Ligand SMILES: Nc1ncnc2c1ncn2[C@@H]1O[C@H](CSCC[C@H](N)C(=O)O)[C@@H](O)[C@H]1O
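For reference, the chain that follows is the form deposited without the named molecule, supplied as C-alpha cells.
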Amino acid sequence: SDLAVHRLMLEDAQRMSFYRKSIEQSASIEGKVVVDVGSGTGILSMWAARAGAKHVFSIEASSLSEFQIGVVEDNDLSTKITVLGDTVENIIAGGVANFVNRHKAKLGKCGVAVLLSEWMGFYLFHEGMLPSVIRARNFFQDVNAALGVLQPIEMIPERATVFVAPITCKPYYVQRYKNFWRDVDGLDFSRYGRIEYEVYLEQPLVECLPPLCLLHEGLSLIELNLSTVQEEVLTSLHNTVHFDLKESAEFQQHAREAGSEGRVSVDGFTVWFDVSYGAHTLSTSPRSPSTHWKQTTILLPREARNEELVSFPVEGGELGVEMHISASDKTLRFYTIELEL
C-alpha cells in the first residue's frame, strides 16, 4: 500500500515544514504552472494551488492517484490540479507535442515554472526517485521550449548534499547495550550485551546514531544542483575527503574521555544528507530530528574494529576516505556504498 509510507512524510514535522515553507515562500508559484512528480497524497500539489499556482500537474503512477483526485475534489481544488495517473517515463514516451496539444490551455503562455518533488531515498539515492525527477525536468523543459520558453524550471529542492563523518561505536554500544545488560535485577548479564552488539554489527546499517558517535562534524562528499544534474552522473558517485581530527571539537570530546595517554579508534563512517531551497534546509544529520531516513553507517571490518587498527593520539591527526555510492542495476534506484581508507 502506498499510504503506508506517505503517512510518515505527513507525520514528520521537518519534512512537512521544509516543503510548506519552500512552497509558501517562493517567487515562482503564484500565477505560475507547477509540476509535482510522484505526488502520492498530493500534499505538495495542494499546497501549491493554495499558494496561488495558475495550475498544477500532479504526477502519480500508483493506484493512489484515483483517490487523490477525490481528495483534490474534497478540498475544492479540482479546477487547479490535474492528476496524471502514469509514470513520468510513460508520459515522456507519449511525447512533447502530444502533451502540449492536450494541456495547451493549462500550460498557458509561460509553460511550467516549478517542479516539486520529494525523491530522496536512503543516503539520498537508495530507493530514491531522483532519475524520474531528472527525466521529468528535461521533459517539461522541452515542453517549455516547444512553447518558445527557455527559462530553466525552478526545482524544489534546488540542491542536495551527501555528508560523511567518521564515528566511534562506543557511545552506541554503551547507550544501546551495555547499560541495559549490566544489571538485570542485580545479575551481571554484560556477556549478553557484547554478544547482541557484535552480531548486530555484522548483520550497511540504517539506524539513528547518537551524536556522541561522531568523531567529526562531517564533510560534504557529493553535491547536486537539481536544475543541472543529469542521469549519467548517477551510475557512480565517488569522492575522497580528508578529516582534520586535530581541529575537530567532536574528536576532542573523545580525546578528553580517553585521558592524556589514551587512544581514539575509528569504527566506521556515518552518511546522511541535506536538501535545501532558499533559506530552508531539510537535514538528516544525527544532530537533527530523526526521520524515516535515519543515517546510514558503514563499519570497518570487525578485526580493524576490535584490534583498534585505525586510531589516533589524543591530539588528533588526519583521516582520508574515498567513498563510492554505486548503482547496483540500470534503474538507478538501488545503490551500495563502499569505502577505502
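Numbers follow the displayed sequence, beginning with 1.
Q: What is the count, as a class, of unmodelled deposited residues between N179 and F180: none, 1 to 3, 4 to 9, or 10 or more?
A: The entry has no unmodelled residues between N179 and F180.
Q: Averaging only over Cα atoms, indicate whether 25 to 33 or 285 to 293 has the higher B-factor in the PDB entry.
A: Stretch with the greater average CA B-factor: 25 to 33.
Q: Which of the two stretches, 150 to 158 or 253 to 261, shows the higher mean Cα temperature factor in the record?
A: Per the deposited B-factors, the answer is 253 to 261.
Q: For the C-alpha B-factor as written in the entry, point me to the maximum among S45, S65, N306, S276.
A: That would be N306, according to the entry.
Q: Using only the C-alpha B-factors in the record, can you name which of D142, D244, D185, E118 has the highest?
A: Highest C-alpha B-factor among the listed residues goes to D185.
Q: Taking the chain's C-alpha temperature factors as the reference, tell me which third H324 falls into: lowest, middle or highest.
A: It falls in the middle third of the chain.
Q: Using the B-factor values recorded in the entry, state whether the Cα atom of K104 falls in the lowest, middle or highest third among the modelled residues of its chain.
A: It falls in the middle third of the chain.
Q: Split the chain's modelled residues into thirds by Cα B-factor; is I195 in the lowest, middle or highest one?
A: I195: CA B-factor falls in the highest third of its chain.
Q: Split the chain's modelled residues into thirds by Cα B-factor; is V266 in the lowest, middle or highest one?
A: Middle third, going by the recorded CA B-factors of the chain.
Q: Against its chain's modelled residues, does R333's Cα B factor rank lowest, middle or highest third?
A: It belongs to the highest third of the chain when residues are ordered by C-alpha B-factor.
One more form of this protein, solved in complex with the named molecule, exists but is not displayed; see below.
Q: Select, from the options 273 to 281, 22 to 30, 58 to 66, 298 to 306, the stretch whose residues sit within 4.5 angstroms of the named molecule in the deposited complex by heavy atom distance.
A: Partner-contacting stretch among the options: 58 to 66.
Q: Among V143, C169, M129, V241, which has at least one heavy atom within 4.5 Å of the named molecule in the deposited complex?
A: Looking at the other structure, the residue within range turns out to be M129.
Q: With the named molecule left out of view, which of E73, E207, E89, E231 would have a heavy atom within 4.5 Å of it in the deposited complex?
A: Looking at the other structure, the residue within range turns out to be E89.
Q: I'd like to know if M46 sits close to the named molecule in the deposited complex, meaning any non-hydrogen atom pair within 4.5 angstroms.
A: Output for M46 is no: heavy atoms all beyond 4.5 Å of the named molecule.
Q: Please check if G40 has a heavy atom lying within 4.5 Å of any heavy atom of the named molecule in the deposited complex.
A: Because a heavy atom of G40 falls inside 4.5 Å of the named molecule in the deposited complex, the answer is yes.
Q: I'd like to check something about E118: if you look in the deposited complex, is any of its heavy atoms closer than or equal to 4.5 Å to a heavy atom of the named molecule?
A: Contact with the named molecule, yes.
Q: Checking a candidate spot here: are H6, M9 and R15 all in contact with the named molecule in the deposited complex (at least one heavy atom each within 4.5 Å)?
A: The answer is yes; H6, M9 and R15 each reach the named molecule.
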